[PDB]
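Visitor: Please find one structure pasted underneath; my questions will follow.
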Amino acid sequence: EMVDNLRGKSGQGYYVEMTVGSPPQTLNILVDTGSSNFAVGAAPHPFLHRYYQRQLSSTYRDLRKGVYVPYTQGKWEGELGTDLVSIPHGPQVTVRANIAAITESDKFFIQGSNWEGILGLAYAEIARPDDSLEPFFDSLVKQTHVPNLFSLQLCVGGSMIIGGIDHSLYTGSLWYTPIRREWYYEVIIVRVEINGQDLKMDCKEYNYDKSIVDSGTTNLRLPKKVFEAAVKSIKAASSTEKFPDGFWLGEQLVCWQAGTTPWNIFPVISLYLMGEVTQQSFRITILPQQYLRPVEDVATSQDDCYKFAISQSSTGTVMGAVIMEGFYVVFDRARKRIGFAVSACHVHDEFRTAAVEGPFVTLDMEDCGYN
Ligand SMILES: CCNc1cc(C(=O)N[C@@H](Cc2ccccc2)[C@H](O)CN[C@@H](C)C(=O)NC2CCCCC2)cc(N(c2ccccc2)S(C)(=O)=O)c1
């Protein structure tokens, strides 16, 4: 009943059906591990099919406080309150939770995305206005018996499993990396390889100034230095074809005659994550089918066209949806760790498969955390 409860794509977000208020108002809500506010469109907007009508909910309580939330893409402002919330295809519970009723926004809502709100699944430390606004999942755990864990299989569609791990959603072993600090889902990258060749940087550079696991961001985003080095290595591996600079910056598409995308000219990318034991790690391996994001457009449909879904960041590494796709990712809040396994909807062709493998050991005793 919880399997296949997500819909959406990397480019516009994955969303789960929820209800808010009494009687229940159905809304589609984007699942975002990169923020901590639960918010819903609560006034008309050109891109909203529907919105939260507070006047129709007898259980709504106004908190008499405004809130402003800026993301890397988009921003909104609204009014804080609480109300009853359910998840039809999740655990069969009703919880009273904080809700931001979005009354104005800028470049937040996306035309044709099919979602009307956002579920920030990260910790109170990054909630707005401040950490006294209890996030939804904290409320869910406090008010119900639900174990303090959820998992995401992003495949479009996929699954969010609340309170547990569904073995039918992965194969092989789950490998865990520590949550370094409970704010974002902050992790530590210890090594990066492109087609098995080490980028050969001080590992702190990979985590400058943090590294996060963020289902709400489309791309793998990398600190400038790491991004520049990664692109150089990917260009070199793929040098049998030459692409415009705009492609490498994510500003223009690359297109091939339908069915002829040359996957084998593009390298695999391995991100090594800190293990749960000193100087041990494991790797997750990303295929080009993950980091070249298809852009569906009937107009270009004589071809398959893609955007390069690795991009630069000035706020640290963001392991976005294109990285999470094809892995089963367990947000094990109870044990302050994040587990990765190969997903039942993994990417592969006949030559290569995405992987989660270990253990690996390092001689260098440097702490890779930036601080
Ligand atoms: C899914 C829509 N595509 C997209 C979204 C975001 C993004 O900012 N996602 C936020 C949620 C969201 C979802 C849908 C529409 C708009 C926004 C995430 O919460 C961001 N998480 C972190 C990084 C964050 O900013 N947390 C905030 C939370 C509030 C408190 C303060 C911290 C970034 C980029 N990408 C992008 C686009 C433009 C510029 C930079 C990145 S991309 C193209 O690189 O994937 C692309």
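Ordered as shown in the structure tokens, chains take letters A, B, and onward, while each chain numbers its residues from 1 and ligands are numbered from 1 in the order shown.
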Kindly work out which residues sit at most 8 Å from ligand 1, using only C-alpha atoms and all ligand atoms, and give the list as a PyMOL selection string.
Guide: chain A and resi 10-14+30+32-37+69-75+107-110+118+120+126-128+184+212+214-221+250+309-313+315+318+320
Visitor: Skipping near chain neighbours, those fewer than 2 positions away, what residues fall within 12 Å of residue A:300 using only C-alpha atoms, listed as a list in words?
Guide: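 The contact residues come out as residues 253, 254, 255, 256, 257, 258, 294, 295, 296, 297, 298, 302, 303, 304, 305 and 306 of chain A.
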Visitor: At what distance in Å, to one decimal, does atom CA of residue A:102 lie from atom CA of residue A:129?
Guide: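 If I compute the distance from atom CA of residue A:129 to atom CA of residue A:102, I get 14.0 Å.
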Visitor: Considering only C-alpha atoms, return as number ranges by chain whatever protein or nucleic-acid residues lie within 9 Å of residue A:53, sequence-local ones (same chain, fewer than 5 positions apart) excluded.
Guide: A: 21, 25, 42-43
Visitor: Please produce a file of those selected residues containing N, CA and C atoms, as a PDB file, in the first residue's frame.
Guide:
ATOM      1  N   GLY A  21      -6.502  19.518   6.845  1.00  0.00           N
ATOM      2  CA  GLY A  21      -7.756  20.059   7.339  1.00  0.00           C
ATOM      3  C   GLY A  21      -8.850  19.044   7.667  1.00  0.00           C
ATOM      4  N   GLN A  25      -8.796  18.053   2.817  1.00  0.00           N
ATOM      5  CA  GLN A  25      -8.484  18.619   1.515  1.00  0.00           C
ATOM      6  C   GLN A  25      -7.258  17.931   0.920  1.00  0.00           C
ATOM      7  N   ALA A  42      -1.924  28.346  -0.554  1.00  0.00           N
ATOM      8  CA  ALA A  42      -3.129  28.660   0.210  1.00  0.00           C
ATOM      9  C   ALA A  42      -3.851  29.877  -0.351  1.00  0.00           C
ATOM     10  N   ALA A  43      -3.544  30.186  -1.604  1.00  0.00           N
ATOM     11  CA  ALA A  43      -4.199  31.257  -2.345  1.00  0.00           C
ATOM     12  C   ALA A  43      -4.041  30.918  -3.821  1.00  0.00           C
TER      13      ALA A  43
END
Visitor: As a ChimeraX atom specification, please: every residue in stretch 105-354 of chain A that DSSP puts in helix (DSSP H, G or I).
Guide: /A:124-126,136-143,167-169,203-207,224-237,245-248,263-265,288-291,298-300,321-324,333-335
Visitor: For a quick check of understanding, using only C-alpha atoms, which of A:237, A:82, A:265, A:173 has the smallest distance to residue A:22?
Guide: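 Between A:237, A:82, A:265, A:173, the residue approaching residue A:22 most closely is A:82.
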Visitor: Could you list, as a PyMOL selection string, every residue within 7 Å of residue A:98, counting only C-alpha atoms and ignoring same-chain residues fewer than 4 positions away?
Guide: chain A and resi 38+81-83+134+136
Visitor: Name the residues of stretch 168-347 of chain A that come out as strand (DSSP E) in a backbone DSSP run; write them as a PyMOL selection string.
Guide: chain A and resi 170-178+186-187+189-194+197-198+211-213+220-223+254-257+269-274+280-286+292-294+303-308+310-313+317-319+327-332+337-343
Visitor: Quick one: residues within 9 Å of residue A:175, only C-alpha atoms counted, chain neighbours fewer than 6 positions away excluded, as a list in words?
Guide: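 Once the adjacent positions are removed, what remains is residues 275, 282, 283, 338, 339, 340, 341, 356, 357 and 358 of chain A.
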Visitor: Please, could you write that set of residues out with N, CA, C and O atoms as a PDB file, in the first residue's frame?
Guide:
ATOM      1  N   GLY A 275      32.253   5.792   5.902  1.00  0.00           N
ATOM      2  CA  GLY A 275      31.640   4.643   6.538  1.00  0.00           C
ATOM      3  C   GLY A 275      31.385   4.872   8.017  1.00  0.00           C
ATOM      4  O   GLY A 275      31.668   5.946   8.563  1.00  0.00           O
ATOM      5  N   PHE A 282      32.414   3.415   1.506  1.00  0.00           N
ATOM      6  CA  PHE A 282      31.800   2.646   0.440  1.00  0.00           C
ATOM      7  C   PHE A 282      31.556   3.607  -0.707  1.00  0.00           C
ATOM      8  O   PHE A 282      31.591   4.828  -0.504  1.00  0.00           O
ATOM      9  N   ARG A 283      31.285   3.073  -1.896  1.00  0.00           N
ATOM     10  CA  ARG A 283      31.036   3.951  -3.037  1.00  0.00           C
ATOM     11  C   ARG A 283      29.669   3.715  -3.626  1.00  0.00           C
ATOM     12  O   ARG A 283      29.144   2.592  -3.594  1.00  0.00           O
ATOM     13  N   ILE A 338      22.526   7.361   7.074  1.00  0.00           N
ATOM     14  CA  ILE A 338      21.803   7.254   5.813  1.00  0.00           C
ATOM     15  C   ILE A 338      22.335   6.027   5.090  1.00  0.00           C
ATOM     16  O   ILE A 338      23.563   5.875   4.918  1.00  0.00           O
ATOM     17  N   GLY A 339      21.413   5.151   4.716  1.00  0.00           N
ATOM     18  CA  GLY A 339      21.738   3.926   4.030  1.00  0.00           C
ATOM     19  C   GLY A 339      21.471   4.019   2.538  1.00  0.00           C
ATOM     20  O   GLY A 339      20.464   4.601   2.111  1.00  0.00           O
ATOM     21  N   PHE A 340      22.382   3.452   1.756  1.00  0.00           N
ATOM     22  CA  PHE A 340      22.254   3.350   0.311  1.00  0.00           C
ATOM     23  C   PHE A 340      22.281   1.881  -0.125  1.00  0.00           C
ATOM     24  O   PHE A 340      23.090   1.101   0.367  1.00  0.00           O
ATOM     25  N   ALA A 341      21.381   1.534  -1.039  1.00  0.00           N
ATOM     26  CA  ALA A 341      21.396   0.226  -1.711  1.00  0.00           C
ATOM     27  C   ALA A 341      20.945   0.394  -3.136  1.00  0.00           C
ATOM     28  O   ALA A 341      20.266   1.378  -3.480  1.00  0.00           O
ATOM     29  N   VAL A 356      26.350   0.039  -5.301  1.00  0.00           N
ATOM     30  CA  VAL A 356      26.728   0.490  -3.965  1.00  0.00           C
ATOM     31  C   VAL A 356      27.632  -0.619  -3.434  1.00  0.00           C
ATOM     32  O   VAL A 356      27.183  -1.753  -3.266  1.00  0.00           O
ATOM     33  N   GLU A 357      28.895  -0.311  -3.198  1.00  0.00           N
ATOM     34  CA  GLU A 357      29.878  -1.357  -2.869  1.00  0.00           C
ATOM     35  C   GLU A 357      30.935  -0.904  -1.893  1.00  0.00           C
ATOM     36  O   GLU A 357      31.307   0.270  -1.836  1.00  0.00           O
ATOM     37  N   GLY A 358      31.440  -1.876  -1.155  1.00  0.00           N
ATOM     38  CA  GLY A 358      32.493  -1.646  -0.182  1.00  0.00           C
ATOM     39  C   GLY A 358      32.942  -2.955   0.462  1.00  0.00           C
ATOM     40  O   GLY A 358      32.518  -4.024   0.061  1.00  0.00           O
TER      41      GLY A 358
END
Visitor: Could you list, as a VMD selection string, every residue within 9 Å of residue A:111, counting only C-alpha atoms and ignoring same-chain residues fewer than 6 positions away?
Guide: chain A and resid 46 to 48
Visitor: Write a file of the selected residues as a PDB file, in the first residue's frame, keeping N, CA and C atoms.
Guide:
ATOM      1  N   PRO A  46      -1.344  31.051 -10.812  1.00  0.00           N
ATOM      2  CA  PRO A  46      -1.513  30.547 -12.179  1.00  0.00           C
ATOM      3  C   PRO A  46      -1.149  29.068 -12.372  1.00  0.00           C
ATOM      4  N   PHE A  47      -0.177  28.565 -11.613  1.00  0.00           N
ATOM      5  CA  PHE A  47       0.295  27.185 -11.786  1.00  0.00           C
ATOM      6  C   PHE A  47      -0.315  26.201 -10.782  1.00  0.00           C
ATOM      7  N   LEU A  48      -1.223  26.663  -9.921  1.00  0.00           N
ATOM      8  CA  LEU A  48      -1.895  25.779  -8.959  1.00  0.00           C
ATOM      9  C   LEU A  48      -3.269  25.349  -9.471  1.00  0.00           C
TER      10      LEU A  48
END
Visitor: A:114, A:276, A:307, A:153: which is nearest residue A:168, counting only C-alpha atoms?
Guide: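 So, comparing all the options, the nearest one is A:153.
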Visitor: Between A:141, A:154, A:345, A:226, single out the one closest to residue A:93, counting only C-alpha atoms.
Guide: A:141
Visitor: Using only C-alpha atoms, determine which residues lie at most 12 Å from residue A:149, disregarding the query and same-chain residues fewer than 3 positions distant; provide the list as a list in words.
Guide: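 Using only C-alpha atoms, the neighbours found are residues 121, 122, 137, 138, 140, 141, 145, 146, 152, 160, 161, 162, 163, 164, 165, 166, 329, 330, 331, 332, 333, 334, 335, 336, 337, 338 and 339 of chain A.
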Visitor: Name the closest residue to residue A:54 among the candidates A:40, A:286, A:236, A:323; distances are taken between atoms, counting only C-alpha atoms.
Guide: A:40
